[PDB]
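Shown next: work-v6.tsv, containing TSV, C-alpha atoms and all ligand atoms.
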chain	number	residue	atom	x	y	z
A	2	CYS	CA	84.68	94.63	74.97
A	3	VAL	CA	83.11	91.76	76.91
A	4	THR	CA	81.11	92.59	80.03
A	5	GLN	CA	78.79	89.57	79.92
A	6	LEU	CA	79.90	86.50	81.83
A	7	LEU	CA	80.62	83.10	80.31
A	8	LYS	CA	78.33	80.49	81.86
A	9	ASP	CA	79.73	77.05	82.71
A	10	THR	CA	83.13	78.18	81.41
A	11	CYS	CA	86.56	77.61	82.99
A	12	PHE	CA	89.74	79.37	81.87
A	13	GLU	CA	92.84	77.22	82.28
A	14	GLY	CA	96.35	78.29	83.28
A	15	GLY	CA	96.76	81.99	84.08
A	16	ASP	CA	96.70	81.72	87.86
A	17	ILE	CA	98.15	84.86	89.46
A	18	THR	CA	96.47	84.39	92.84
A	19	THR	CA	93.16	83.02	94.14
A	20	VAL	CA	90.80	85.08	96.31
A	21	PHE	CA	87.23	84.55	97.46
A	22	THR	CA	84.42	86.85	96.34
A	23	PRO	CA	80.64	86.57	96.89
A	24	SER	CA	79.68	86.46	93.20
A	25	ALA	CA	81.37	86.27	89.82
A	26	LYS	CA	80.48	89.90	89.08
A	27	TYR	CA	82.49	90.93	92.15
A	28	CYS	CA	85.23	88.54	91.01
A	29	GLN	CA	85.27	90.63	87.83
A	30	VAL	CA	85.55	93.87	89.81
A	31	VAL	CA	88.48	92.47	91.81
A	32	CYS	CA	90.05	91.37	88.52
A	33	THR	CA	89.43	94.79	86.95
A	34	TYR	CA	91.36	96.62	89.67
A	35	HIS	CA	94.12	94.05	90.02
A	36	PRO	CA	97.33	95.36	88.40
A	37	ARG	CA	97.78	92.21	86.30
A	38	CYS	CA	94.43	90.40	86.11
A	39	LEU	CA	93.03	90.00	82.60
A	40	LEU	CA	90.70	87.03	83.17
A	41	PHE	CA	88.93	85.16	85.92
A	42	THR	CA	87.12	81.89	86.56
A	43	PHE	CA	84.62	81.95	89.41
A	44	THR	CA	83.29	78.78	91.06
A	45	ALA	CA	79.64	79.07	92.04
A	46	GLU	CA	78.01	76.84	94.64
A	47	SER	CA	76.91	73.52	93.14
A	48	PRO	CA	76.69	69.87	94.26
A	49	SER	CA	79.23	68.93	91.58
A	50	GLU	CA	81.89	70.81	93.60
A	51	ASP	CA	83.04	70.40	97.22
A	52	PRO	CA	81.94	73.32	99.50
A	53	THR	CA	85.56	74.40	100.07
A	54	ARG	CA	85.84	75.13	96.33
A	55	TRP	CA	82.87	77.52	96.40
A	56	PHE	CA	83.28	81.25	95.74
A	57	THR	CA	86.76	80.55	94.41
A	58	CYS	CA	87.65	83.54	92.22
A	59	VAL	CA	90.85	82.87	90.28
A	60	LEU	CA	92.67	85.90	88.87
A	61	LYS	CA	94.35	85.14	85.55
A	62	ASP	CA	96.94	86.66	83.23
A	63	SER	CA	98.13	85.60	79.78
A	64	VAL	CA	100.74	86.92	77.37
A	65	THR	CA	98.16	86.37	74.61
A	66	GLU	CA	95.51	88.28	76.65
A	67	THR	CA	93.21	85.22	76.50
A	68	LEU	CA	93.19	81.61	77.62
A	69	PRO	CA	91.71	78.23	76.64
A	70	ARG	CA	87.99	77.94	77.36
A	71	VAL	CA	87.01	74.52	78.68
A	72	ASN	CA	83.40	73.89	79.63
A	73	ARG	CA	82.81	72.96	83.27
A	74	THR	CA	79.78	72.75	85.57
A	75	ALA	CA	79.05	75.75	87.86
A	76	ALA	CA	82.01	77.81	86.58
A	77	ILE	CA	81.48	81.44	85.61
A	78	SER	CA	84.40	82.99	83.71
A	79	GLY	CA	84.94	86.46	82.32
A	80	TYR	CA	87.18	89.31	81.25
A	81	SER	CA	88.39	92.42	83.04
A	82	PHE	CA	87.20	95.97	82.33
A	83	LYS	CA	90.74	97.33	81.88
A	84	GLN	CA	90.18	98.28	78.22
A	85	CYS	CA	86.47	99.12	78.34
A	86	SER	CA	85.16	102.69	77.83
A	87	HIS	CA	82.17	102.06	80.11
A	88	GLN	CA	82.94	102.28	83.83
A	89	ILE	CA	81.85	100.53	87.01
A	90	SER	CA	81.66	101.79	90.58
A	91	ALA	CA	83.45	99.01	92.56
A	92	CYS	CA	80.88	99.74	95.32
A	93	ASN	CA	79.14	96.55	96.54
A	94	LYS	CA	76.01	98.01	98.19
A	95	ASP	CA	74.58	94.46	98.11
A	96	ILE	CA	74.10	92.52	101.35
A	97	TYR	CA	74.56	88.77	100.97
A	98	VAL	CA	72.19	86.44	102.85
A	99	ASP	CA	73.34	83.18	104.50
A	100	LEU	CA	76.95	83.98	103.63
A	101	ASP	CA	79.88	84.04	106.07
A	102	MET	CA	82.71	86.06	104.52
A	103	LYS	CA	85.81	85.31	106.56
A	104	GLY	CA	88.80	87.39	107.54
A	105	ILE	CA	90.53	88.67	110.65
A	106	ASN	CA	87.69	89.49	113.04
A	107	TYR	CA	88.81	92.51	115.03
A	108	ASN	CA	85.54	93.95	116.46
A	109	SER	CA	82.50	92.23	117.98
A	110	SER	CA	79.61	94.50	119.00
A	111	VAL	CA	75.80	94.61	118.83
A	112	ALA	CA	73.62	96.27	116.21
A	113	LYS	CA	69.88	96.67	115.61
A	114	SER	CA	70.06	95.51	111.98
A	115	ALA	CA	72.53	94.59	109.27
A	116	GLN	CA	72.33	98.22	108.12
A	117	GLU	CA	73.70	99.25	111.51
A	118	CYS	CA	76.49	96.71	111.09
A	119	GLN	CA	77.10	98.08	107.58
A	120	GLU	CA	77.29	101.68	108.82
A	121	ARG	CA	79.81	100.49	111.42
A	122	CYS	CA	81.98	98.79	108.79
A	123	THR	CA	81.73	101.82	106.49
A	124	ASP	CA	82.76	104.20	109.29
A	125	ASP	CA	85.53	101.99	110.73
A	126	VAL	CA	89.04	102.66	109.47
A	127	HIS	CA	90.05	98.98	109.32
A	128	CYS	CA	86.80	97.37	108.17
A	129	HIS	CA	86.64	95.70	104.76
A	130	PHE	CA	83.51	93.56	105.19
A	131	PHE	CA	81.08	92.57	107.93
A	132	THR	CA	78.93	89.66	109.05
A	133	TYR	CA	75.75	90.25	111.07
A	134	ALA	CA	73.67	87.66	112.93
A	135	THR	CA	69.95	88.25	112.48
A	136	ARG	CA	67.82	88.04	115.61
A	137	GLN	CA	66.76	84.48	114.61
A	138	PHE	CA	70.27	82.92	115.00
A	139	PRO	CA	70.59	79.61	116.95
A	140	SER	CA	73.16	80.86	119.45
A	141	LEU	CA	71.67	83.37	121.86
A	142	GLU	CA	75.27	84.29	122.63
A	143	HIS	CA	75.63	85.44	119.00
A	144	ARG	CA	72.18	86.92	118.20
A	145	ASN	CA	72.42	90.49	116.88
A	146	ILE	CA	76.23	90.58	116.85
A	147	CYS	CA	78.35	92.68	114.46
A	148	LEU	CA	81.78	91.31	113.50
A	149	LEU	CA	84.02	93.88	111.80
A	150	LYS	CA	86.50	92.14	109.52
A	151	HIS	CA	89.61	92.97	107.52
A	152	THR	CA	91.99	90.97	105.33
A	153	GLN	CA	95.33	91.55	103.64
A	154	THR	CA	93.73	91.77	100.18
A	155	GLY	CA	90.51	93.49	101.23
A	156	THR	CA	88.59	90.40	100.06
A	157	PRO	CA	87.51	87.42	102.18
A	158	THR	CA	89.86	84.51	102.79
A	159	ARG	CA	87.08	81.90	102.68
A	160	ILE	CA	83.32	82.25	102.21
A	161	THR	CA	80.94	79.65	103.67
A	162	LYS	CA	77.14	79.37	103.79
A	163	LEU	CA	75.67	79.92	107.26
A	164	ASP	CA	71.93	80.22	107.84
A	165	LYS	CA	70.37	83.23	109.53
A	166	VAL	CA	73.50	85.38	109.04
A	167	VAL	CA	74.23	88.18	106.55
A	168	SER	CA	77.54	89.47	105.19
A	169	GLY	CA	78.27	92.73	103.43
A	170	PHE	CA	80.99	95.13	102.33
A	171	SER	CA	82.29	98.45	103.59
A	172	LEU	CA	80.86	101.41	101.68
A	173	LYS	CA	83.90	103.69	101.92
A	174	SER	CA	84.25	103.40	98.13
A	175	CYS	CA	80.68	104.72	97.70
A	176	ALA	CA	81.49	108.18	99.10
A	177	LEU	CA	82.02	111.23	96.91
A	178	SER	CA	83.91	113.73	99.08
A	179	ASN	CA	85.97	115.71	96.57
A	180	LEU	CA	88.52	116.71	99.20
A	181	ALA	CA	92.30	116.28	99.35
A	182	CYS	CA	93.21	112.61	99.42
A	183	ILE	CA	96.56	113.20	101.11
A	184	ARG	CA	94.86	115.21	103.95
A	185	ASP	CA	97.58	115.79	106.59
A	186	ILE	CA	101.00	116.21	104.93
A	187	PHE	CA	103.99	115.93	107.28
A	188	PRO	CA	107.07	117.43	105.58
A	189	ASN	CA	110.58	116.37	106.58
A	190	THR	CA	109.13	113.53	108.63
A	191	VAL	CA	109.37	109.75	108.52
A	192	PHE	CA	106.76	107.56	110.12
A	193	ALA	CA	107.59	104.28	111.79
A	194	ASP	CA	104.71	101.86	112.19
A	195	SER	CA	103.94	98.54	110.56
A	196	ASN	CA	105.10	98.60	106.94
A	197	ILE	CA	102.55	96.48	105.09
A	198	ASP	CA	103.77	97.14	101.55
A	199	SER	CA	106.10	99.25	99.44
A	200	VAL	CA	106.08	100.64	95.90
A	201	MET	CA	108.34	102.97	93.94
A	202	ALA	CA	106.76	106.35	93.20
A	203	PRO	CA	108.00	109.34	91.16
A	204	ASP	CA	106.65	112.04	93.50
A	205	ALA	CA	105.05	112.11	96.93
A	206	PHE	CA	101.55	112.69	95.55
A	207	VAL	CA	101.54	109.40	93.68
A	208	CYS	CA	102.63	107.79	96.96
A	209	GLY	CA	99.54	109.23	98.63
A	210	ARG	CA	97.09	108.24	95.90
A	211	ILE	CA	98.39	104.67	96.11
A	212	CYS	CA	97.87	104.52	99.88
A	213	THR	CA	94.32	105.78	99.40
A	214	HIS	CA	93.47	102.94	97.02
A	215	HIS	CA	95.55	100.30	98.79
A	216	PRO	CA	93.24	98.09	100.88
A	217	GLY	CA	95.25	98.25	104.11
A	218	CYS	CA	97.16	101.56	104.14
A	219	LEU	CA	96.22	104.51	106.37
A	220	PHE	CA	99.40	106.63	106.36
A	221	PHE	CA	102.60	106.61	104.33
A	222	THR	CA	106.20	107.79	104.07
A	223	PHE	CA	107.87	108.87	100.81
A	224	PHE	CA	111.66	109.05	100.52
A	225	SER	CA	112.67	111.51	97.80
A	226	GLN	CA	115.26	111.24	95.01
A	227	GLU	CA	117.71	113.23	97.16
A	228	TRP	CA	117.27	110.92	100.14
A	229	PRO	CA	120.67	109.64	101.40
A	230	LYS	CA	120.49	105.86	100.88
A	231	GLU	CA	120.16	105.11	97.16
A	232	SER	CA	118.19	101.89	97.70
A	233	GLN	CA	115.57	103.95	99.56
A	234	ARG	CA	115.17	106.72	96.96
A	235	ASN	CA	111.59	107.05	95.63
A	236	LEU	CA	110.51	104.44	98.20
A	237	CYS	CA	106.80	104.68	99.06
A	238	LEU	CA	106.31	102.90	102.41
A	239	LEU	CA	102.65	102.07	103.03
A	240	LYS	CA	101.93	101.72	106.75
A	241	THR	CA	99.09	101.03	109.15
A	242	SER	CA	98.49	100.86	112.89
A	243	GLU	CA	95.93	99.46	115.30
A	244	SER	CA	94.90	103.00	116.29
A	245	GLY	CA	94.76	104.18	112.68
A	246	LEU	CA	97.19	106.99	113.56
A	247	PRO	CA	100.98	106.99	113.47
A	248	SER	CA	102.81	106.38	116.73
A	249	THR	CA	105.89	108.59	116.52
A	250	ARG	CA	107.03	111.28	114.10
A	251	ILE	CA	110.79	111.10	113.46
A	252	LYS	CA	112.02	114.39	111.99
A	253	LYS	CA	114.34	113.37	109.16
A	254	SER	CA	114.89	115.54	106.10
A	255	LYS	CA	114.34	114.54	102.47
A	256	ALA	CA	111.41	112.35	103.44
A	257	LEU	CA	107.70	113.26	103.38
A	258	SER	CA	104.96	111.48	105.33
A	259	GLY	CA	101.19	111.85	105.23
A	260	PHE	CA	97.68	110.60	105.95
A	261	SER	CA	95.35	108.81	103.58
A	262	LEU	CA	91.88	110.29	103.21
A	263	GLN	CA	90.57	106.82	102.54
A	264	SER	CA	87.39	107.95	100.77
A	265	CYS	CA	88.43	111.23	99.16
A	266	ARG	CA	88.40	111.70	95.33
A	267	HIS	CA	89.84	108.28	94.40
A	268	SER	CA	87.89	105.85	92.18
A	269	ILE	CA	90.39	106.27	89.28
A	270	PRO	CA	92.74	109.36	89.44
A	271	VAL	CA	95.82	107.27	90.52
A	272	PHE	CA	94.91	105.51	87.28
A	273	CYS	CA	94.46	108.88	85.55
A	274	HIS	CA	97.99	110.00	86.16
A	275	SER	CA	98.50	111.50	82.73
A	276	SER	CA	101.68	113.19	83.89
A	277	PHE	CA	104.87	112.78	81.89
A	278	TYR	CA	108.08	112.34	83.88
A	279	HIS	CA	111.01	113.68	81.87
A	280	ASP	CA	114.58	112.50	82.55
A	281	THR	CA	112.79	109.64	84.33
A	282	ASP	CA	112.93	105.92	83.49
A	283	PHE	CA	110.18	103.75	85.01
A	284	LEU	CA	111.86	100.36	85.35
A	285	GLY	CA	109.93	97.12	85.12
A	286	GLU	CA	109.42	93.91	83.22
A	287	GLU	CA	109.79	94.60	79.51
A	288	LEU	CA	106.68	93.80	77.50
A	289	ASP	CA	107.63	95.09	74.02
A	290	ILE	CA	109.86	97.63	72.31
A	291	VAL	CA	107.80	99.46	69.72
A	292	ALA	CA	108.88	102.61	67.89
A	293	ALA	CA	106.87	105.83	67.76
A	294	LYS	CA	107.16	109.58	67.29
A	295	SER	CA	106.33	111.11	70.68
A	296	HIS	CA	105.87	110.15	74.29
A	297	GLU	CA	102.24	111.07	73.70
A	298	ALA	CA	102.25	108.20	71.20
A	299	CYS	CA	104.11	105.92	73.66
A	300	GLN	CA	101.27	106.58	76.13
A	301	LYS	CA	98.59	105.64	73.59
A	302	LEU	CA	100.55	102.45	72.93
A	303	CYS	CA	100.54	101.61	76.64
A	304	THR	CA	96.84	102.41	77.04
A	305	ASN	CA	95.88	100.19	74.10
A	306	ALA	CA	98.17	97.33	75.15
A	307	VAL	CA	96.01	95.93	77.95
A	308	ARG	CA	99.03	94.29	79.60
A	309	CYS	CA	100.93	97.60	79.73
A	310	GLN	CA	101.06	99.27	83.14
A	311	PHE	CA	103.68	101.95	82.50
A	312	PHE	CA	106.00	103.08	79.73
A	313	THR	CA	109.29	104.82	78.99
A	314	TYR	CA	109.68	106.72	75.72
A	315	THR	CA	113.40	107.13	74.98
A	316	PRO	CA	113.38	110.21	72.72
A	317	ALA	CA	115.53	110.12	69.60
A	318	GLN	CA	115.64	113.91	69.16
A	319	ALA	CA	116.89	114.40	65.54
A	320	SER	CA	120.15	116.04	66.81
A	321	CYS	CA	121.90	113.52	64.62
A	322	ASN	CA	119.46	110.57	64.97
A	323	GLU	CA	116.22	109.50	63.25
A	324	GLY	CA	113.04	111.25	64.32
A	325	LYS	CA	111.35	108.05	65.49
A	326	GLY	CA	112.36	106.85	68.95
A	327	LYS	CA	111.79	103.77	71.13
A	328	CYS	CA	108.64	103.03	73.15
A	329	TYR	CA	109.41	100.52	75.90
A	330	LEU	CA	106.10	99.09	77.10
A	331	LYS	CA	106.46	97.77	80.63
A	332	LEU	CA	104.76	96.05	83.54
A	333	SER	CA	105.39	94.86	87.07
A	334	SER	CA	103.38	93.01	89.75
A	335	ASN	CA	102.24	95.98	91.87
A	336	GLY	CA	101.46	98.15	88.84
A	337	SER	CA	104.31	100.53	89.73
A	338	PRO	CA	107.95	100.72	88.60
A	339	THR	CA	110.50	98.46	90.25
A	340	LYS	CA	112.99	101.35	90.31
A	341	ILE	CA	112.72	104.98	89.19
A	342	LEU	CA	115.92	106.14	87.50
A	343	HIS	CA	116.73	109.84	87.14
A	344	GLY	CA	119.06	111.29	84.54
A	345	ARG	CA	119.05	108.72	81.72
A	346	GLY	CA	117.01	110.80	79.28
A	347	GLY	CA	113.63	109.13	79.15
A	348	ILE	CA	110.05	110.31	79.27
A	349	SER	CA	108.05	108.01	81.51
A	350	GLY	CA	104.40	107.68	82.37
A	351	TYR	CA	101.52	105.53	83.50
A	352	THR	CA	98.95	103.53	81.58
A	353	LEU	CA	95.58	105.19	81.04
A	354	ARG	CA	93.83	101.81	80.90
A	355	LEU	CA	91.43	102.50	83.74
A	356	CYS	CA	90.77	106.20	83.10
B	566	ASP	CA	123.24	117.71	109.50
B	567	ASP	CA	125.69	115.94	111.88
B	568	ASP	CA	125.18	112.17	111.25
B	569	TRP	CA	122.84	109.87	109.23
B	570	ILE	CA	122.96	106.10	109.80
B	571	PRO	CA	120.31	104.04	107.91
B	572	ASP	CA	118.28	102.83	110.95
B	573	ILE	CA	114.80	102.44	109.36
B	574	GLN	CA	114.64	98.84	108.03
B	575	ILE	CA	111.71	98.52	105.59
B	576	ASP	CA	109.70	95.49	106.82
B	577	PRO	CA	106.49	94.28	105.06
B	578	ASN	CA	104.04	92.22	107.22
B	579	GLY	CA	100.61	92.79	108.88
B	580	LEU	CA	98.81	94.58	111.79
B	581	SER	CA	98.21	92.30	114.84
B	582	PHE	CA	94.86	92.09	116.69
B	583	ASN	CA	92.95	90.38	119.50
B	584	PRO	CA	91.41	87.11	118.25
B	585	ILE	CA	87.62	86.82	117.89
B	586	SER	CA	85.91	83.50	117.12
B	587	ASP	CA	83.36	82.80	114.37
B	588	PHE	CA	79.78	81.49	114.42
B	589	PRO	CA	79.60	77.62	114.85
B	590	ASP	CA	76.56	76.43	112.67
C	601	LIG	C1	81.35	72.94	75.81
C	601	LIG	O1	82.57	72.19	75.72
C	601	LIG	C2	83.58	72.76	74.88
C	601	LIG	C3	84.57	73.55	75.72
C	601	LIG	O2	85.19	72.66	76.66
C	601	LIG	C4	82.96	73.65	73.80
C	601	LIG	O3	83.87	73.76	72.70
C	601	LIG	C5	81.64	73.08	73.32
C	601	LIG	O4	81.10	73.91	72.29
C	601	LIG	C6	80.65	72.99	74.47
C	601	LIG	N1	79.82	71.81	74.31
C	601	LIG	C7	78.50	71.91	74.23
C	601	LIG	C8	77.82	70.82	73.47
C	601	LIG	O5	77.89	72.84	74.74
C	602	LIG	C1	83.81	97.63	118.73
C	602	LIG	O1	83.84	97.05	120.03
C	602	LIG	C2	85.18	97.00	120.50
C	602	LIG	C3	85.23	96.21	121.80
C	602	LIG	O2	84.63	96.99	122.84
C	602	LIG	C4	85.70	98.42	120.70
C	602	LIG	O3	87.06	98.37	121.12
C	602	LIG	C5	85.59	99.23	119.42
C	602	LIG	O4	85.84	100.61	119.70
C	602	LIG	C6	84.20	99.09	118.80
C	602	LIG	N1	84.19	99.65	117.47
C	602	LIG	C7	83.06	99.97	116.84
C	602	LIG	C8	83.23	100.79	115.60
C	602	LIG	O5	81.96	99.63	117.25

Can the structure from this file be put into structure tokens for me?
Ligand SMILES: *[C@@H]1O[C@H](CO)[C@@H](O)[C@H](O)[C@H]1NC(C)=O
Ligand SMILES: *[C@H]1O[C@H](CO)[C@@H](O)[C@H](O)[C@H]1NC(C)=O
Amino acid sequence: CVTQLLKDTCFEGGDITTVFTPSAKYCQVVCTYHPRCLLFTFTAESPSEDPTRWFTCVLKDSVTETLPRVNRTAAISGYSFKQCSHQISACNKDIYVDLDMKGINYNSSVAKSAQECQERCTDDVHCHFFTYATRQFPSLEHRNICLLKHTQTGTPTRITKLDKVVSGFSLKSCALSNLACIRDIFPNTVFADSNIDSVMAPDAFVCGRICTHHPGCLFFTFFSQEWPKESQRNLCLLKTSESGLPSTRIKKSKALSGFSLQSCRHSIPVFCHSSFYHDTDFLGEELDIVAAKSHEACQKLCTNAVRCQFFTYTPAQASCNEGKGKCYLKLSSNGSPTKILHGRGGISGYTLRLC
Amino acid sequence: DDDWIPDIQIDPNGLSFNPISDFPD
């Protein structure tokens, strides 16, 4: 697979969304972990482009898993690592000089060095990236200030070039900490704080692993398959709060809440969910309908199809049917089913692309 | 065990904060 970047290359029409990363290599990393990104075109700083268009990192997707390559000045393009057998760490220990990475500034303190600012961002529950003013900054009001920042996506909204100031990334992803990701588990409890996203999960331990990898989730609430309201069954509510803790614990049955251990054991085990869910149909956008022998073959079909996020093998069972059954390869936007269905005789699972 | 009304309305949006200004040039 391709890990080397394509210099002065611009991919054309796969735009999923556009986010701002320091470099093209980080643009790749963001692409790699995006549920749908296959390709990217990064716009490096050059006089041929207007400053606002700098550090543009465009996440792309294509049914054909590739896109037209046009040549263009100061454009670095490349491919995701979804298929690749080599791995990356997603940990940006680099500190970027003369770079203002912008987001929602929520903290503004003082720090001896950028490394003290970094350690603050790393240890702060909400911090995604930081910007630190060196001692030589024009404004004496701002000298030696540490701005803790967070964004919806975990990546900056806009990056500009500002002299005598350094930006960097939280190093929560650099920890090891084999320890339980779900940490505090609150059975027969619903939380009720800002819901920032929602996905459909088969069990409550997928729910937790998602919250741990989600940029802005600190605690969660999972409604089970036996939860009263059908629309809410298997609903994984990702929540956050200004404190970082829940506010109120409402004791309702058939719902399980919990706490993310943000830096636990979670580079790629939510991606290594090699579990098979029997009598379970992961709904989504249909990508193909291939035929195969086992669900273990269906899985290998989903892993090798780079656009496949999850699968449902509908087993044929040779009671009176053929031995070969149907392998629905599927996808969605979040990377999770749009609805989990119980009782329709399918064996479901998750792609092993990033495992 | 006595009554369940659906009074948890899933609502996706962000966490608020106190505004802090950027560096000027
Ligand atoms: C760059 O332009 C096109 C892609 O737009 C490419 O096919 C061609 O080989 C390149 N041209 C040169 C001379 O490098
Ligand atoms: C940052 O400073 C703010 C304002 O005093 C304070 O509320 C917050 O606890 C501080 N956080 C860190 C990690 O320095």

**OP:** Go through A:295, A:22, A:152, A:29 one by one, measure the shortest atom-to-atom distance of each to chain B using only C-alpha atoms, and give the residue with the smallest value.
**Re:** A:152

**OP:** Counting only C-alpha atoms, collect the residues of chain B whose closest atom lies at most 7 Å from chain A, and write them out as number ranges by chain.
**Re:** B: 575-580, 582-585, 590

Subject >> Protein and nucleic residues near ligand LIG 602 (chain C), 10 Å, only C-alpha atoms and all ligand atoms, as an NGL selection string >> reply: (:A and (107-112 or 118 or 120-128 or 147-149 or 244)) or (:B and (583))

Original post:
What do you get as a ChimeraX atom specification if you pick all residues at most 9 Å from ligand LIG 601 (chain C), counting all atoms listed in the file?
Top reply: /A:9-11,69-73

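Interatomic distance, atom CA of residue A:263 to atom CA of residue A:208: 13.3 Å.
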
**OP:** Select, from A:161, A:281, A:154, A:44, the residue with the minimum atom-to-atom distance to residue A:226, counting only C-alpha atoms.
**Re:**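 The shortest atom-to-atom distance to residue A:226 comes from A:281.
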
**OP:** For residue A:49, please output as a PyMOL selection string all residues within 10 Å (counting all atoms listed in the file; exclusion window: fewer than 2 positions along the same chain).
**Re:** chain A and resi 46-47+51-52+73-75

Subject >> Distance of atom CA of residue A:40 from atom CA of residue A:66, expressed in Å to one decimal place >> reply: 8.2 Å

**OP:** Excluding stretch 171-188 of chain A and any residue of its chain fewer than 6 positions from it, enumerate the residues within 10 Å of it, using all atoms listed in the file, and give them as number ranges by chain.
**Re:** A: 90-94, 118-131, 149-151, 155, 205-210, 212-214, 220-223, 250, 252-268

**OP:** Please identify all polymer residues within 9 Å of stretch 302-307 of chain A, counting only C-alpha atoms, omitting same-chain residues fewer than 3 positions from it, and present them as a count of residues only.
**Re:** 21

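Among the candidates A:270, A:48, A:280, A:251, the one nearest to residue B:573 when counting only C-alpha atoms is A:251.
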
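Of note, atom CA of residue A:38 and atom CA of residue A:334 are spaced 10.0 Å apart.
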
Your completed stretch 318-330 of chain A with N, CA, C and O atoms, as a PDB file, keeping the file's coordinate frame:
ATOM      1  N   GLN A 318     115.338 112.480  69.142  1.00  0.00           N
ATOM      2  CA  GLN A 318     115.640 113.910  69.160  1.00  0.00           C
ATOM      3  C   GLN A 318     116.226 114.570  67.926  1.00  0.00           C
ATOM      4  O   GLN A 318     116.561 115.753  67.990  1.00  0.00           O
ATOM      5  N   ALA A 319     116.429 113.818  66.838  1.00  0.00           N
ATOM      6  CA  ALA A 319     116.890 114.400  65.540  1.00  0.00           C
ATOM      7  C   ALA A 319     118.081 115.362  65.668  1.00  0.00           C
ATOM      8  O   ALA A 319     118.201 116.234  64.786  1.00  0.00           O
ATOM      9  N   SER A 320     118.933 115.228  66.687  1.00  0.00           N
ATOM     10  CA  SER A 320     120.150 116.040  66.810  1.00  0.00           C
ATOM     11  C   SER A 320     121.024 115.487  65.690  1.00  0.00           C
ATOM     12  O   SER A 320     121.491 116.221  64.810  1.00  0.00           O
ATOM     13  N   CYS A 321     121.294 114.202  65.742  1.00  0.00           N
ATOM     14  CA  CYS A 321     121.900 113.520  64.620  1.00  0.00           C
ATOM     15  C   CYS A 321     121.218 112.196  64.330  1.00  0.00           C
ATOM     16  O   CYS A 321     121.591 111.537  63.354  1.00  0.00           O
ATOM     17  N   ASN A 322     120.158 111.847  65.065  1.00  0.00           N
ATOM     18  CA  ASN A 322     119.460 110.570  64.970  1.00  0.00           C
ATOM     19  C   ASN A 322     118.185 110.704  64.136  1.00  0.00           C
ATOM     20  O   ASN A 322     117.798 111.796  63.692  1.00  0.00           O
ATOM     21  N   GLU A 323     117.538 109.557  63.892  1.00  0.00           N
ATOM     22  CA  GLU A 323     116.220 109.500  63.250  1.00  0.00           C
ATOM     23  C   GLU A 323     115.197 110.211  64.133  1.00  0.00           C
ATOM     24  O   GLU A 323     115.409 110.435  65.333  1.00  0.00           O
ATOM     25  N   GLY A 324     114.088 110.624  63.523  1.00  0.00           N
ATOM     26  CA  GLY A 324     113.040 111.250  64.320  1.00  0.00           C
ATOM     27  C   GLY A 324     112.276 110.255  65.175  1.00  0.00           C
ATOM     28  O   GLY A 324     112.004 110.536  66.346  1.00  0.00           O
ATOM     29  N   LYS A 325     112.118 109.016  64.702  1.00  0.00           N
ATOM     30  CA  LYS A 325     111.350 108.050  65.490  1.00  0.00           C
ATOM     31  C   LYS A 325     112.223 107.464  66.594  1.00  0.00           C
ATOM     32  O   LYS A 325     113.383 107.097  66.366  1.00  0.00           O
ATOM     33  N   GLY A 326     111.653 107.387  67.798  1.00  0.00           N
ATOM     34  CA  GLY A 326     112.360 106.850  68.950  1.00  0.00           C
ATOM     35  C   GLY A 326     111.756 105.542  69.436  1.00  0.00           C
ATOM     36  O   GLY A 326     110.925 104.950  68.742  1.00  0.00           O
ATOM     37  N   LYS A 327     112.177 105.077  70.612  1.00  0.00           N
ATOM     38  CA  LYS A 327     111.790 103.770  71.130  1.00  0.00           C
ATOM     39  C   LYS A 327     110.763 103.918  72.242  1.00  0.00           C
ATOM     40  O   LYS A 327     110.888 104.789  73.112  1.00  0.00           O
ATOM     41  N   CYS A 328     109.755 103.050  72.209  1.00  0.00           N
ATOM     42  CA  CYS A 328     108.640 103.030  73.150  1.00  0.00           C
ATOM     43  C   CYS A 328     108.661 101.709  73.912  1.00  0.00           C
ATOM     44  O   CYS A 328     108.036 100.733  73.495  1.00  0.00           O
ATOM     45  N   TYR A 329     109.381 101.688  75.025  1.00  0.00           N
ATOM     46  CA  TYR A 329     109.410 100.520  75.900  1.00  0.00           C
ATOM     47  C   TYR A 329     108.083 100.416  76.647  1.00  0.00           C
ATOM     48  O   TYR A 329     107.759 101.273  77.473  1.00  0.00           O
ATOM     49  N   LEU A 330     107.309  99.376  76.353  1.00  0.00           N
ATOM     50  CA  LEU A 330     106.100  99.090  77.100  1.00  0.00           C
ATOM     51  C   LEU A 330     106.469  98.177  78.261  1.00  0.00           C
ATOM     52  O   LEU A 330     107.171  97.179  78.066  1.00  0.00           O
TER      53      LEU A 330
END
